[PDB]
Structures are given as C-alpha cells and as structure tokens.
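1. Make a model of this:
(chains A, B, C and D)
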There are 4 protein chains.
Amino acid sequence: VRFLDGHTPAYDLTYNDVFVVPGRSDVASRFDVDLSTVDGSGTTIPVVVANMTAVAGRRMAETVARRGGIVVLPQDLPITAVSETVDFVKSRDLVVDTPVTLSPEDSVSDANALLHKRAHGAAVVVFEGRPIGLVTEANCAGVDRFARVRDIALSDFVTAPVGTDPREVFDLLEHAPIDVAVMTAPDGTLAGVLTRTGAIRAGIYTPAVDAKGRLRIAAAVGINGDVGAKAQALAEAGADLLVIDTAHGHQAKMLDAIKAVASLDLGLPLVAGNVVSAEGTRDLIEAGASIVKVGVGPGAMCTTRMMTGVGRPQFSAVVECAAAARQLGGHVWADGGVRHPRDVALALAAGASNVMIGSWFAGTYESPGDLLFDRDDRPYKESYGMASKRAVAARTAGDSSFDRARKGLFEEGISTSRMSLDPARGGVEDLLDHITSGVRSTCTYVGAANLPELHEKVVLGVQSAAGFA
Amino acid sequence: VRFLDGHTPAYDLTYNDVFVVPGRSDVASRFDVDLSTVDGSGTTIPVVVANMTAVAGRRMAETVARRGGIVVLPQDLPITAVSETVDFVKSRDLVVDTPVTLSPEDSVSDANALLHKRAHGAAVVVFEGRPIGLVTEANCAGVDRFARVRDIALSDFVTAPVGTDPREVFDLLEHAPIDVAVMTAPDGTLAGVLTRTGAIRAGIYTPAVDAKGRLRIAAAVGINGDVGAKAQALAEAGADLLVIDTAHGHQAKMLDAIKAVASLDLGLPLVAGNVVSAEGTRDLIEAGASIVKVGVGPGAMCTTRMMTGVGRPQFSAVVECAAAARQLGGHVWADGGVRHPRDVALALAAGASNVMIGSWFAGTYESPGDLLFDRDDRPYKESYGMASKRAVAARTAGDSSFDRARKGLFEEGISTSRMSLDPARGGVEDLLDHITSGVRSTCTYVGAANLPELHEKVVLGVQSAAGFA
Amino acid sequence: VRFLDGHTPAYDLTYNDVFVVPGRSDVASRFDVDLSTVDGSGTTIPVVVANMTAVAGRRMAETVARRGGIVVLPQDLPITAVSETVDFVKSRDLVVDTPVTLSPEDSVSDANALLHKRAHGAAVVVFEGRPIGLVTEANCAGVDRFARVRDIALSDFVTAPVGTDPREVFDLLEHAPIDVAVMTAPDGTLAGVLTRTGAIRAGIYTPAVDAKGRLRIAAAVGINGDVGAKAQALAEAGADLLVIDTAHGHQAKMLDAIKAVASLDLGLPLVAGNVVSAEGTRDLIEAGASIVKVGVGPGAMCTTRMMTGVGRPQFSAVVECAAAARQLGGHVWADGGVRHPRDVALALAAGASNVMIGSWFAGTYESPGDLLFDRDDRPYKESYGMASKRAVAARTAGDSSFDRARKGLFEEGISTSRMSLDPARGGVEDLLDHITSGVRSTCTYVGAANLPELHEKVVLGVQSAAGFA
Amino acid sequence: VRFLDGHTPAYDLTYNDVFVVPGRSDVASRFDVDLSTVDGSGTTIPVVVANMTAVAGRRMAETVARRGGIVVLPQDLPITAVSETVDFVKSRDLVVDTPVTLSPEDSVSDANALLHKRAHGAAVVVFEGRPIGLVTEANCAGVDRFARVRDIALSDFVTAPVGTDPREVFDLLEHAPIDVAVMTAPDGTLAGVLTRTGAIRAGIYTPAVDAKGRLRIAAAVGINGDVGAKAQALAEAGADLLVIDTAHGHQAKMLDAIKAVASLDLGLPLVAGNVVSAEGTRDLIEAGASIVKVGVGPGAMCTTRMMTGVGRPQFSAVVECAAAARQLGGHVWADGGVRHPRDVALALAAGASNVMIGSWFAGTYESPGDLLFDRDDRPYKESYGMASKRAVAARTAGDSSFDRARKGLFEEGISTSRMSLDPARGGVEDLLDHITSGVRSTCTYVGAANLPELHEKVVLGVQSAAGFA
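-> Numbers count the residues shown, from 1 in each chain, chains lettered A, B, ... in the order given. Please see the structure below:
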C-alpha cells in the first residue's frame, strides 16, 4: 500500500487511524464498478457470512447466494442436516425467492410467527400447491387471536408466469396495493415470490453459482477428530468451500489438519485461520491453505483483549498478511468484527480478497434466530458468539460429566448479546446494498473500476485521536 | 506555515490538534483589523454561505451581502427563479433592510407566521405603500386567534426620511419603546426598515457590491447536461460567481466541465471542488479554475467517513491545498462543516482565502426553512444536507420509475437534522458578529492588520488528546 | 528541568502529560519542608489569590495573610475603598481572627446571614465591646423566625486572655462543647476569636508581614488612564505589591505602562502579565518588571481557546518563561486556572516562584460573595470571571451610551458560573492545608527541603493519553 | 522485552498502550502451563495479596495459601494477634477447608451472619465436635426470626472419611441435593469441609507450604521504631516473608531500615518498596533487599496523582525496575491497583516475578470485612485504602492530642470506597481461577510453558488512544 509522505507511525494502525485520499477518477457512477472477487471463491461481491450458529442459517445462505455472496455453515451441524441444507439451497431459483407457505386452517399467532421470518412482509396460503391469497401484517393484527388464516386471508393478489422480465414485473407492480408479486409455475402451482425491490436488485447483483448453475455454499470444520473424513464427507455432501477455523491458527494442530485435508486433494479451495502474523500466514500457505483468515482480538476492549493481552489492530495485521500472501501467491480474508462499510472499504484497500461479516447480520429477518421484542417493543435478536455453551458441550462428544465440568470450569460465559434490528433496513439485502454502495462510492472516489485496481492505486493517510473529541 | 521547534507529527492534523501561539502585536483594538479578501470574490469578510437548499435562500443573500459576505444559490433552482432572486437582491438597499409587509385584514396566525421570518421582531402594515403601524410578538400573542391585524396593529412608531445618519437614527431610538425604525421614502411610501443594532452594524461592516453598486451574488452548477449553456445562462441572469461542486472533484468529468466553462470565457472567477489533495488542486487550476474548494469527509465520525474510509482531516488538507494554490497563483476555500469561530480562524491561518459555512446557518430566521417548535417549545429548523431526496429526484430529469428506483436504491437516507436555534443569537448577523469578533481577536493576538499578514506571521503548535479528558 | 532519557515530545506539554519520578530522599516528614518564597513577595507559602471581584475580598486578605499567602485587590475598586481595606487588614492580629459581632436585638435571619460569612460557625454578641454570648447554627435554626438574638443567644462560652499559648487554648478546648475560643482583651473587651484548628495552624503557618509587622497586601492596576498616578496613589495607600494585568501582556501599551510605573521608582516589586513566550518575558523584564505572570488560554476547551485559537499549554509555557526569567535574573508566577494540588506542584517544579489561584477559592465562606443554596439545597456561590459586565461598564468612565453599547457589542457574556462549596472543606484554610499538604508530600517524594531544591533536583517524565481511558 | 519494529514511543507506557502479538505456539491446552514462581517466595501462582486491613485477613490467608498464593498481614496488627493467626493458618489442612461451626441454640440472624463469611453456602452444627446437620441460605430465610438453629437445621448431609479421593468425593456429590461434603475425622469429629468445585480445584492448584508442609505466610513492617526488633519478633512468630512498605521507598530511612533488618540475618527473603526508578531499585537491592515492590501513583486520576504530580505509568516503571533487578540478580513485584487479568498478564510479560493485588479482593466473602447490602440490595463491602484513620492514629503511639491533631491536619480523608461483590464470582477462588485462566491463555497464545519463557519470548506492540472511541 501507499502512504502519504512522512506518515511512518510508531504503532500498529486500526480502522480509526487511517483514511483514503481521493485521487484522479474516471469512473462515472457507482454502477460502473465491478465487485467480482479473484480469490477463487466465486463470489461476485466481497462479502462472506461468518460460521456462527446464530447467523449462519439457511435463509441467509439462499439470500446471500442470490445476491452474489457466500455463507459458511457452522462446523457443529450434523452431516445429514448439512446435506439437507445444501440440497435445499441448490434447489432454489436464481431470480425469485421462496416465500412463506401457510395453511388456511392455521392460527393468527402462528401465521404472524411464520410471517416474520422473511422480509417480504407477506405469506402465501397454499392448497395443493396453488395460491389462494396473501396474509400480511396489520391484516392478522388487531383481529381476534382465535381466528384462522381463512378468516383473514386476502384472495386478491398479483400473479405472473415464470420467465417474466423483472422490469415488466416492476411496471405491473407500479400501482399494486401490495408490493408482493407471487410467482406461479406454468402448471399453476407456486414457484417462488418476487418483489419490486427484489426485481430491481435482480438487475444489479449477480448470484454466485457453481459449474451446474446452482448456488454455491461453504462449510466449516474443526481440528478435533478425523478432519479428513469430515472434510471428504462434506465435499461429497455438495459443499463448495472448506473452512478450518480456530482461536489460534498458528498452532501445530492446525498445520496437521491442513496437511491431512490437503492430502485427500478434494479439489476445492481451503480457508484457514485465524492468524495475524506473516510467519503464521506463510506456515499456513505452505501447509496447503489457499486462503488465510486474519484477525485475532481485533478490538482494544474486546473479550479476548480483556481476558488476555493478545491481539492486533485489524488494519496493520491485514496489510501484513495480505502482503505475505501476495508474495506467496495466496489470498487473505478480513475477519474481526465488521460494523460499518468503512471497515469493508479499508479491508479491501489493505489487500484483502474478501471480508468476513459476523454478528452484524444477526439482527436480521433471515437470521436463524427468531425475532423478539424488547422492553420498548423494539425488535431484537439474541446472539451467542461463535457458538452456544450447549453447542460446545455437544462437540465434546460422549464424555463423563466430571471431565465435562472440569473442561467447562475455565470456559467463560455465553456472553449473549441483544442485537437490535433496524426497522428501516431490517432485511439482509437492506444491509448488502448499504455495504456495496459504500464500497462503490469508495471505488469511484479512488478512481478504480474493480477491486484489483482499488488495491493498486490507493493512497492512505493517518490521523490522530484528537479528531474524536 | 510556521510550527514550533520539534513539532513534526506523524499524522495529519485537524482543528483540535493545533493552536496559535501569541506573538508581538501592534494592533490596538479589534476595529483596527481589515477583513477584506484578496481572492477576487469581492467579499469584505471571509464568509461564504454554502449552496444548500435549506440554507441558501434569498433573505440570507440579502443580509449576508449587506454585511459583506456572499451566498451561492443551489444548483437545482430553475433559471427563472434564479433570475428573479438576482433581480430582487440587486434591487435592495445597502443600508436599510426590507421588512415584512402585512395587510390589515390578515389573521393573527398568518401575521405571526410572516413575522417570524425576519429578525426585526416587527412587521409593518401597508396600505397603498404607506405604513399605518407595526405588529410585534406578544402583541398578536394572547389575543383571540380569529382577530385580525387591524384589531391588534399599533399605529405609534418612529419614522425617519431616507438618507438619515445611522448615528442620528440610534440617538432617536435611544428612548424608543420599540427599537424598530421603519424607513420612509421621500414620497412617503415605505422604503425599508432600520434597527439600532443594524444602524451600529452599518458603520462596522461594508456591503459587498459589484461595479454597479449592487449586492453581489453567486450560483452553483453541476457536471451533468450542458454545463456551458447553464453557466452562460446564469451569467446572463446576473450571477457574479460560478461554483462547480461535487462529492469527488478530482474525477475527469470535473475537468471536462471546467474546461467547457472556461472556454466560453464568461469573465468571472471559477470556484471548483471538492478536492483535498495537492495533485487534484493542480489539476483543477490548470483546467481553468481560479478558486478550489477543499474538504471531503472532514469529520472522523461523519457520514462519508463512516460509509467509506475516504476523507482527510481539514487542517492538513487545507494547508497543503493552499500551499499548492499559492505556488500556482490561485486561491482555496475552506469547506468542511464549520461549527465554531476557531474553525474559521484556523482556516484563515492555514492559508485559505475564504471559508464556507453550511448547516450552522440553518438554525436562523433568515434561513429559507420555516421555524418550528420542538417538544420543549424550543425553536428549531430541519436540515436536509446538500439537497433533499425530492430535489435529487428532480435533477434526475425525465426518467423511467424503474431506472429512478434503481439509482435510488444505493442512495442513502435524507438524514434530516433538527438544527436548534439559539434565542440569544437567533439572527444571522448575531452569528456574523460572533465569527468576526473571534477572527479579529485572533488577528490582534497574532499582531496582524489584515488576512495576508495573518497568514504570513502566524506560528502554530500541536497538543495531544490527553488535554480533552 | 530534567526529563527521562528519550522523552523528547513533538508537542507542548500540559499538566496531564507529565509526572514526577521519585528520587533519593532525606526528608523525614512533611513538617520538615520550608515553603518560603524567594521572589521577593514575602509570602511564606507559594499561593497568591487572583484579583477577581468575586474572589479578592477583605476576609480573604485577612485569612490568607494570616496563613502566609498574599491577595491582590481588584483594579476597579475606588482608592478610598482600597485605603480602607488596607488599613483594616493591617490592623488585624497575627494569631487571633476577627469574629462576627451581632447585636442582641437583631433578627434570626440577619443573625444567620452574618453568621455564614465566616468559617468559625459562631457569632459573638457584643454590648459596649464585651461579649455576652455566642449564637451558632442549629441554635437560630428551628426557632420562630421573628425571634431575636437575645432570645436564642447562649451566654455560656470559653474565655481566655490575650497572649495565651495556642497549645493551652487547645488543651482547654479539649472538652469544650463548642470549639470556639472567643478572645478577650486585658481590659475585658473583645479582641478577636480563636479556634482549636486555628490554634493548631498557628504553629504550622507563618503570617506574611511587612517591616512593621503588619499583614502584607497587593493591588492591581490597568493600562488605561494615568497609570503612574494610580500606582503612586495605591503605594501611598499602603499597598505592598503592584500588579499590572491584561489579556495580552506583550502589547506595547503594557511596555509603556511598565516604563511609566518604573520611572516613579516606588520601591516595590512589579508583577506584569500576562505572557506565555520567552520573548514577551524578556521584553517585560527589560521594561522594568520584576515578576512576570504566565498563562493565556491554558485550557484546550476554555473560553479564550474556543473563541480564538490563541493559547498555550500551561506546563511548557511556564517552563520556558521561568527559564528566560532565571536567565535574566527574574521570577515568574503561574496563573491559568489551578484546580488541583497537582497543578501547584507541577508549577513549582517547572520553575515558577509562585502560583496564582482564581475561581477555585470562589466557593468559600471568606469569599466576598454571599452563600446561596441550589435546587438540592447544596451551597454554592456565583462567579463572574475577571470582572462583571457592570464592573467593566464602570471602568469605561463617563462615555456616551452609544459608544458604550458599541464597545459592548463585541463583548461576550458575563459567563457566570455556579461554584459549589464543599461542606467538608468549606473554609479557606481547609483548602490551604490541602494544597500545602500536597506540595509537602511532593517535596518529600523528591527529597528537597525547600522550593529551590525542589526545582533543582526534580526529574520528570511523559505519559500518553491512553492511560485516561 | 521485545517490541515491534518502529515502535519507539516518546512517552512512558501504561497497560492501555500495549498489546501482546501472538507467536508460534507448542502448548496444547491451558493445563499444560506451569505457574510456579522463581522469586524465592514459594508461591505456585503469581498472586500476592496486599497488606490492607480491609483485605489481609485470616480467611484470605487460608484460602490463598491453599490455592498456591501468599498473603501479607498488616503491619499494625499486635504481635500476639500475628502469632495467633500464623498458628491458626499453619494448623489448617491442605485439601479440606474449615467450615463455619454453629451451635444449635443460636438465632437465625446470627446463623446467617456467620454463614455469609464463607463461600461454601452452608454451616455445620457442632455438638461436642460431631456434626448433626447443615444450615443454608433460604433455609434460615423466610422463617420466623426468633427461631433457632435446631428448628431449621437439616440433619441430612453427605459424609466421608479423611483421605478420600477428591474424584470420589465429586462422583458421590454428583447427585447430592446439597453440594457440601462435610469432612469427618476417623474418630468421628469434624475435620474440615470439602466442595465439588473445591475438590476439582484440589487437582489443579498446588498449596504453598514451607519445609514443614504448612501453609506459608508473610508479614509487613514499617520504618518507625525498632525495625529490627519487630522483624525478629515476627520471624520468631512464624512469619515466612518480610515486607517493608511505605509511600516513598527511595528515602534514606528505608535504606536504614533495610540495613538494620539485613544485619540480623533472619534467613528470609526481603520485600522492599515502593520505588519506580532503576536508581531506587539498585539502592534498595544493595541495601539488602531481595525483592523490590514497584508502583507509585500508577493511575492518571488516582488520589496520589491528583494530590501531587508524582507517579509513573505502571508498565514502563515495571519494565525498567525488572531490567535493573535482573541486571543485579534480584526480583520485582508488580503493585499498583490490578483490576483485570490483563494487568497481571502484562506485569508478568514485563519481567515481574510476582503481582500484588489489593482492593479488588475486598469485595469477597473471605475478606475480613463484613458483607453489607446497598440501596438496591446488591451486596458490597467498604474499603479504607492502606489503613483506616483510627489505625494510623493507633500507630502514632502515645502522643498528645495536640500533636496528634497537628499531624492529622495535613492527613487526607479516609476515602472509603464501596466495593461491590459479584454474585456469580463472589468467592475468592472464583477470582483466582479467573486470573489464572487469563494468564494461562496468555501463555498459550505466546507459546510458553512457564513464566520465565513467557518473559523470554514475548513480543509487544503499541496502540494509540483513538481505538478507545
């Protein structure tokens, strides 16, 4: 990277210590920017969803893959569930989205409960596969709670055949009382749903698909047990990418696991982490890892940094690791708690081929968690970090309660967090457009048409903390 | 600029990182300081009002031009409205101000609504052009709301002929129950209003006027459409200064627009922006720009800096750009959210020929926005940034709703802000005197009689952030 | 001064940026430290009270001079009042303090009002000069408000002759129900009051007196009018020290005033200010000033620094000015808003011969202001900065209201502040002991028996702002 | 120590300015780390409890010595009490803990009062030395307050013989309704209590014992009076370690006291303090001190730093002192208000052989203070700093009230603090496991099997304060 003259700080830098200096630009608008990645992951946007049980679900996988991103499933999920989710996701359409199907005999409470797990704002009543009507919020609200769907269902809705142009769909929905555009198969049965905003996004984003034209998906594995067997089983289950993640990625056990997985030669790229040092990056790459995650205790007040004085500011660590990987011909991923689009922009500018997003996406409809209401009725969802205590207890296999409690004594608390959900941008795409708009604005400011040029022609500067007063 | 020995920070500086060291002074008082500008803008004070729809109105133009400043009209205004406003402003008096004229049959609510858009605190009732009386607050307040002006108008007021000395006017108003000094033409008809504070200010400030003795005015243009045609039309409409502003001023489209406007050779100075780099400043100047605006994402927590890691601390950017412009024989303007007179003082000390003020002036009577009352009855006015979403939608010309929504998807929210209005200093001049007093005190402390000397003989220093605890 | 190896900061330092490293010490206890000053002011402690109308009163003068300090009267006081106060103070005793004298016919409200202007907590009823009894708080409280002193006066009190040893007085008051020790002249009439804490302090502090054994006192003058005439009149009035103070002390008018006063050769030391530069210090000393005040806009968020970017961190300015004065054989005084004893300690360590204390002493019983009660009944006193607006209006002499308002337009607000009074340490001595204890502890830590050694053998260090998180 | 390239700050560093960079690691788990100390103190963990009257009790001594730490008794305790406490502690078991013994005739209020001074949550009723039953909270709660133990005692409890394996004890208590495991001597009488968590900890920690297999204990002495006589008497009383502590440890009186104690040659290591300078450390070591305490006014807002500008950031002072001691072949201890395990980790990394913990342990059951309930029923305990005012008054021996008050005038307030007690981790071991887990995680991250390697192969870095926004 390039810094302004005289800017040679005597400390590692974080995202608050740096800024991008505008340069000569030839890009007209944001839409003239290509966000495709070159790390081999096949993502059309530099966004990866973290393998967190409260985040990495199936609806996230569908939506993110439809919008060009990728999702990594949690490592603790059973192989059968993994295969089921992979089959479900690869069976989804690239243009229309799977809506919520409700029986006419279902209750109002269950109706709204299944309604609030999608961002469409409506649910389709299905009888033998044919839509009869739509149920929305404020339609099941304010009514007697013992009523059923048939007593509140609205039979009037817009209908279109498969293959209809999204522009035509939006034009039809220009005056529609309800923005929903339920999609019907040529036989007549339900074949997905579409939305005017979704129709617009269909012309902006490009879904990430494999050689078969099906949405890509990634899975995570540990370093305990037969790593090779689990990796091969996941690959046979349909997984496209393999992730090996742990708190400390420079330990020899990570090297052994990477060598074991690389020996099988599954023919898929490997993501390994986490390390924050160039030496660790070199060791991981030489061990057989094509992608290296970066970021350990990135915050100055994070749980890891408070518990132990171990960590590193995200920016400098990412810069060094990316430099090492490019020297060795690899790629790096930027983990470490992304909270603003500025974080993504700086990660891209530092040399990271992709960015990893965790708890931020927890407060969304598509998240596996259920939506709850707080003291002030404001929606929120609980978060449990990397995994819950019950989850880690399940990974400890069949062990004596004495040994289990002995191991859990040193273990910290669940540290559950109440991630509020923004009403204006509650949808997952309502965050993806936000982040991508930030990144595209950055690219226009720099004057780069794609991410490699963004890394090539970026000039950075440093500011003190007195500007934060 | 000159810094104390040993002060060579390893980071860019902002306004909180620097201070001015007092030096040998020969200036007796604040009044012995000349604030005239040398950038060619013709302003007698280093204040420029930003081209914001919620700020750049007509009353601001009149008051600011009467006090020596300049105002730039928004670029989205129709040409007819621009010409009308230019004619109205150039038809105003250089000593007296245009009051609010109320019909005797008007209602109390409308009376106070038209009363609260000026700082005089009174409105003149007009019948065939002759004053009959004055209506003030607490005069229409506490009365029956269906009453009319004639039922509350006070026919007793002070009257003077045109040409009366301001000192005489103040002496007459020494014992006046109402400080208003409504001004009558020699025929007898209304010819403006005067105020004791305004009379005092008439001897302090110098209105900015053109070769014809009429108040100067500036206009802004974009880089979309026929830039040359719009610039020439605005010049023919009576505009004195042309401003070309955009988020990123170093892009080639800015260069093309500047070249196109300079080819016509309208004979007026050009203001171009925004850039924060010396290279961008050189490119803009060589392209045909006489004045360069500075400041992109100046705040460490501003919307631009949060969305993208793009920006620069205001002080260092201004210093570098001013150095480049002086090397090339140009001038720079200091944009970037001025909030305290310290900001203006440091901008002047850094080498900026003028300072640009935006949202701060929103909370004023003279602002185009209407005054509102909050939950605690405290007055406030809404702000919409550079422009409102409806405004930008209007600039997108005639486009399909599909394309309009597609372009607006990436667009952020309106981000309206409630700018409170200070009761003690609610008037625009009540902020101009504040800022000018700060600047004059700075000049006295340094020991400079005018801005060029202020830039020449200023010595600065650097402080850490621990002083902010 | 001496700094640790490698500590060469690239910025000016303030009190939060430095610390004192302990060294080899031979001092046994705090009492083994001599706090006498060598600047020629004659103060036995390095404390000077600022010339603020809300602070520099007569009770402060008496108490502070009895405790070894000095007080400078405000420059706006009439010469007759100055002479009266000087005569009153020089007529006071060096061991006992003047109590509050109340007539037996006075009302309860007036009784407590005159009671709460002294820290003794009691008032002596006087009839023809002989005490009859004492009235205290909770004695006039809870009673009918129309009652009088004679109905609540307590005739039982301790009495001693003049010349009694303070140790004997304390021993007698060991079991006294009321700690007051009203003092009687050999004739029988009242000759002062004494307190057990005051008796203890009599053996610790040394009152500052002139060649005649009377308490010393200082006065302040401006630079407007006949400076020499006012200075000579004040000297004839009995003033011991002369202070010439203004916002900017490096202006030529200060030089002319200093030369004019020095020409008369009144035979008293001169205090001049304020400057923060070595050049200004040299100019003031060569002009005929023996003591130079330091400190202009010392706070990073003070009114002066917000209004203008003019100022300097207190520590570095004091260091440089003290170095210059010692090079020229002079002395410096440390002004600039002392708030903690750490401030005094660092001022002494930097090389300052004395320290100037302002608003901190406002919240005290001895302050000229009257004690008020807030919303939460917590006592407080108002402060008006250097002087009130009415005061500065009075200094503008006989001028036309037009000119007066013209000059006051640029003048800022009164900026009155509510200085809370600490119930535990409400007395002035309750702050002097605090500050002196801090200074003595510093001296013991360094290992110096007096202030010159404290300046000679002090080693300092620098810390970052991250320790303030 | 080793710092990253280019990190040469121009200021002293504190714990917030530094971080540990992860390195190559071979340690498998936390349990593979040896925490034994090499300073000669005999502690198996790097934890020392401060000699504070509100902290250094007898229950702390027992628990901490059982868990491998050491405790220093306050210097003001009478010699008889010291000998009694030493005998009591050395008479305790190394595996089981002494429970609370309650008479059956005691009242409910007294029952719970004696119950809440231990972390077991139960009390054993004793008749002639044989248990009859257990009384717990919520068992004496909600009952009539005049009832007695016999009316609420639960006679059903688990019983085991002495010598039973802790693993067997836990296995038996796997299904026990009450986790208490009251321990019976082979005769049948009470011989201690055990807990499942305590049983687990018995296999993790190693109690610190002397050559006789009895728990070690330390005592503190002053520099007033016959230091040698008191030191010899304490050594004869059974004390294992001697501590000489004062506010300023570089004074000559400390040197004389150290020489006097070393002349007797009691054959025990000497702890001396406090100093923060290398010169002071060298002087103390040459005077006959084997261990040097570090830390004077470590906080930027502590009472010492506010009273006097004397102090030093803890990290840099510890680094320098440890370097000096290692150069001279000694050891250092890290005092200065430890509040988080990060503090301990950085102290160990800097080169400190041990860490000293003060007020943090005040909010614990084992603390000598009694548990109180606040306004919100939340438990808390008062703290009085190093010692209470009554305590220091008692150390002033037999002195006249006049002299006592004279000395106490300069003395500051008691500064009592309400240390809240965490319900989840209210036990002392519930903090020891926390701290040790943090330290072990640090060791694993660095890749060191013991503290000397932790100091040897640690690499540190520096961060700015802008990360704290």
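2. When you work out contacts or count neighbours from here on, use the C-alpha atoms and nothing else.
-> OK.
3. Which helix runs longest in chain A?
-> Of all segments of type helix in chain A, defined using DSSP state H, the longest is helix A:429-446.
4. Output the contacting helices and strands for the helix or strand following it.
-> Of the helices and strands lying after helix A:429-446 in sequence (DSSP states H and E), the nearest is helix A:451-456. Contacts defined by 3 or more Cα pairs under 8 Å, 6 or more residues apart in numbering or on different chains; DSSP states H and E place helix A:451-456 against helix A:341-350, helix A:429-446.
5. Give me the distance from helix A:451-456 to the chain's centre.
-> Relative to its parent chain, helix A:451-456 has a centroid offset of 23 Å by Cα atoms, centre = their mean, to the nearest Å.
6. Stretch A:164-177 now?
-> Centroid separation for stretch A:164-177 versus its chain: 29 Å, with Cα atoms, centre = their mean.
7. Then stretch A:365-385?
-> Here stretch A:365-385 is found 17 Å from its chain centre; the criterion is Cα atoms, centre = their mean.
8. and what of stretch A:41-61?
-> With Cα atoms, centre = their mean, you get 3 Å for stretch A:41-61.
9. is chain B contacted by that stretch?
-> No. If you take Cα under 8 Å from any Cα of the partner chain as the test, stretch A:41-61 misses chain B, and the best it gets is 14.7 Å.
10. residues in the stretch 251-400 of chain A within reach of chain B, list them.
-> A:340-343, A:345-346.
11. how about TSV for the residues you listed, with neighbour count and distance to chain D added?
-> Listed next are these as TSV, based on neighbours: other Cα atoms under 10 Å in any protein chain shown; distance: Cα to the nearest Cα, whole Å:
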residue	neighbour count	distance to chain D
A:340	17	15
A:341	23	17
A:342	24	15
A:343	27	14
A:345	28	18
A:346	28	16
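12. Closest one of those to chain B?
-> Nearest to chain B among those, counting by Cα to the nearest Cα, is residue A:342 at 4.2 Å.
13. so who does the closest residue in space to that closest one that isn't next to it in sequence touch?
-> Nearest non-adjacent residue to residue A:342, counting by Cα to Cα, 6 or more residues apart in numbering or on different chains: residue B:308, 4.2 Å away. Neighbouring residues of residue B:308 by Cα atoms under 8 Å, 6 or more residues apart in numbering or on different chains: A:341-343, A:345-346, A:438-439, A:441-442.
14. and residue A:42, that one's in a helix?
-> No. The assignment for residue A:42 is coil, going by DSSP: H, G, I helix; E, B strand; the rest coil, so no helix is present there.
15. Could you count how many residues lie near it?
-> 20 (other Cα atoms under 10 Å in any protein chain shown).
16. same deal with the one 10 residues further on?
-> The tally of other residues near residue A:52 (other Cα under 10 Å) stands at 23.
17. correct me, but it touches residue A:74?
-> Yes. Between residue A:52 and residue A:74 there is a contact under Cα atoms under 8 Å: 5.9 Å.
18. coming back round to it: quick one, phi psi at the residue nearest to residue A:342?
-> In terms of degrees, to the nearest 10, the main-chain angles of residue B:308 are phi -130, psi 150.
19. Start from the N-terminal end of the stretch 151-300 of chain A and give the strands.
-> Here the stretch 151-300 of chain A has its strands, by DSSP state E, counting those that start in this stretch, at A:160-161, A:183-184, A:218-221, A:241-244, A:270-275, A:291-294.
20. Tell me if I am right that residue A:466 is in a helix.
-> Yes. Assessed by three-state DSSP, residue A:466 belongs to a helix.
21. Please list all residues in contact with the closest residue to it other than its chain neighbours.
-> Counting by Cα to Cα, 6+ apart, residue B:465 is the residue found nearest to residue A:466 once chain neighbours are left out, at 4.8 Å. Contacts for residue B:465 (Cα under 8 Å, 6+ apart) come out as A:465-466, A:469, B:17, C:465.
22. got the angle for the helix or strand where residue A:403 lies vs helix D:429-446?
-> Residue A:403 is part of helix A:401-410 when elements are defined by DSSP H and E. Angle of helix A:401-410 versus helix D:429-446, following axes from the mean of the first three to the mean of the last three Cα atoms, to 10 degrees, is 80 degrees.
23. Mind giving me the packing neighbours of helix A:401-410?
-> Against helix A:401-410 (3+ Cα pairs under 8 Å, 6+ apart) you get helix D:429-446.
24. dump the residue contacts of residue A:372.
-> Contacts for residue A:372 (Cα under 8 Å, 6+ apart) come out as A:379-381.
25. try residue A:25
-> A:444-448, B:250-252.
26. out of these, who's near chain D?
-> Of those, not one also sits near chain D (Cα under 8 Å from any Cα).
27. and these as CSV, adding distance to residue C:95?
-> What follows is those, written out as CSV (distance: Cα to Cα, whole Å):
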residue, distance to residue C:95
A:444, 80
A:445, 77
A:446, 77
A:447, 81
A:448, 83
B:250, 78
B:251, 81
B:252, 84
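28. what are the bridge partners for the residue most central in space within chain A, then?
-> For chain A, residue A:49 is the residue whose C-alpha lies nearest the centre (Cα atoms, centre = their mean; 2.3 Å). Beta-bridge partners for residue A:49, by DSSP bridges, are residue A:71, residue A:357.
29. my read: it touches residue A:65, true?
-> No. Using Cα under 8 Å, residue A:49 is not in contact with residue A:65; the gap is 10.4 Å.
30. Need the residues touching each of those two.
-> residue A:71.
31. What count of nearby residues applies to the residue of the stretch 151-300 of chain A found nearest chain B?
-> Going by Cα to the nearest Cα, chain B is nearest to residue A:200 of the stretch 151-300 of chain A, at 6.0 Å. Using other Cα under 10 Å, the number of residues around residue A:200 comes to 20.
32. what's near enough to touch it?
-> Listed by Cα under 8 Å, 6+ apart, the contact set of residue A:200 reads A:166-167, A:170, B:402, B:405-406.
33. repeat for residue A:449
-> Counted by Cα under 8 Å, 6+ apart, residue A:449 has contacts A:27, A:32-34, A:443.
34. which stretches of the stretch 1-150 of chain A form helices?
-> Ranges of helices in the stretch 1-150 of chain A, per DSSP state H, counting those that start in this stretch, are A:58-66, A:79-90, A:108-115.
35. Can you name the residues bridging to the closest residue to residue A:190 other than its chain neighbours?
-> Nearest non-adjacent residue to residue A:190, counting by Cα to Cα, 6+ apart: residue A:184, 4.7 Å away. Beta-bridge partners recorded for residue A:184 (DSSP bridges): residue A:161, residue A:190.
36. Residue A:184 and chain C, how far apart?
-> Here residue A:184 is placed at a distance of 60 Å from chain C (Cα to the nearest Cα, to the nearest Å).
37. right, and that residue touches residue A:161 too?
-> Yes. Residue A:184 lies in contact with residue A:161 (Cα under 8 Å); the separation is 5.4 Å.
38. Quick one: residues contacting the residue lying closest to residue A:349 once chain neighbours are set aside.
-> Taking Cα to Cα, 6+ apart, and ignoring the residues beside it in sequence, residue A:349 has residue A:455 as its nearest neighbour in space, at 5.0 Å. Neighbouring residues of residue A:455 by Cα under 8 Å, 6+ apart: A:1, A:348-351.
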